[PDB]
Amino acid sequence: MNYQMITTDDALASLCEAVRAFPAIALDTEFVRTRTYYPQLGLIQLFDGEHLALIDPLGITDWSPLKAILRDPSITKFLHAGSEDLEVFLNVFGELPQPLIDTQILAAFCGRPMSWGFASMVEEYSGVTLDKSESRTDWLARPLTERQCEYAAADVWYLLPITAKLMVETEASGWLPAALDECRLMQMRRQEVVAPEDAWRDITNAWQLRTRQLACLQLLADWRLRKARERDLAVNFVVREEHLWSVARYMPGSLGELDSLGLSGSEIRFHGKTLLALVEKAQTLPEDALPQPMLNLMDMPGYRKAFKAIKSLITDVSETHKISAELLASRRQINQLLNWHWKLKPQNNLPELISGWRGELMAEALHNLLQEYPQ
């Protein structure tokens, strides 16, 4: 297994010139989890069957050649368990590769766990036991060690042959259309960008607040997300989630009160004045500018009965179509459908359970079931 380190624009351009003739490439990335808002990318790996490249983002300035490869419809891009990879791709390229297929998703439609690990999959198809000794290392350290490079290279080297095997297995089972739609769905979700004004909607206990308190949370979460993106710090390193909620709930009027609420010395010295000003702003906001209270799905009449009924339906669909119930519907997706049914919150698209491949399988049954619960 021979790999090439690519750290210059010219080398990247040369690589892509050769790769463009191939029908598919295996991709992967390595990044570290720190306190930054955007993950710190340490490496991108690519393999077309002949060229195995380890691309060092620190040495690249012009990504154009690779972005061209990544959007080329004649080159199928493959990865395994790529949720985080999608995040990194959007941050460095501004767009996701297409067409892009995830072997973990293909395997799930073939009967494997939605969380089937790369090493396990490689063991199954190649009989090779991967070395995980370099999995949790510092991908930003330089130069990377030979062992690190080998680990990174193996993630695409062994993936390519498996992509061909799984594409055949998935097609042979009749689930390829569904698997590709599912891959598209994950990609669409990752592309969604949260506007600062909507940051509050993702705080899971925001529903417990009254109108004035919620107006405060909206302003606070908007400010925090913008600050996080400005400083490149995860939102909780700006102001802890619990602390931000407390400011919204208790509507403090002094720095002394922020201390009483538990905010740290750093949060107070850097953001105290701002937080208090946001509270005051919400306090003086005109009622016609206040947000509507949230409707806790769990407190809607019939919720528990409907949830149980849907779970039961999913089980029947699962046994009939010989597909995992977890793949058919997660708790998140069931709640998404019920939030839609009862119009408990704004949703951009139709619920996943009654759209795309899932809808084709059970939308009729789900709509029939929902007739038992008043909108």
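Start at 1 with the first residue shown and count on from there.
Please compare 44 to 52 with 344 to 352 and name the stretch with the higher mean C-alpha B-factor in the deposited structure. Averaging CA B-factors over each stretch, the winner is 344 to 352.
Quick check on the record: does 332 to 340 or 319 to 327 carry the larger mean Cα temperature factor? The stretch with the larger mean CA B-factor is 319 to 327.
Residue, from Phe237, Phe93, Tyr250, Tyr158, that the PDB entry assigns the highest Cα B-factor: In this record, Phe237 carries the highest C-alpha B-factor of the candidates.
Among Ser173, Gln187, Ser115, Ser74, where is the Cα B factor highest in this entry? When the deposited C-alpha B-factors of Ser173, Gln187, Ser115, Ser74 are compared, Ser115 is largest.
C-alpha B factor of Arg304, ranked within the chain: lowest, middle or highest third? Middle third - that is where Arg304 ends up once the chain's C-alpha B-factors are sorted.
State the tercile, meaning the lowest, middle or highest third, of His271 with respect to the CA B-factors recorded for its chain. As the PDB entry reports it, the C-alpha B-factor of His271 lands in the middle third of its chain.
Taking the values exactly as deposited, rank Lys165 by C-alpha B-factor within its chain and report the matching third: lowest, middle or highest. It falls in the bottom third of the chain.
Record-listed C-alpha B factor of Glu182: chain third: Within its chain, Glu182 is a lowest-third residue by C-alpha B-factor, going by the deposited values.
Assigned third (lowest, middle, highest) for the C-alpha B factor of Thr36: Tercile = middle for this residue's CA B-factor.
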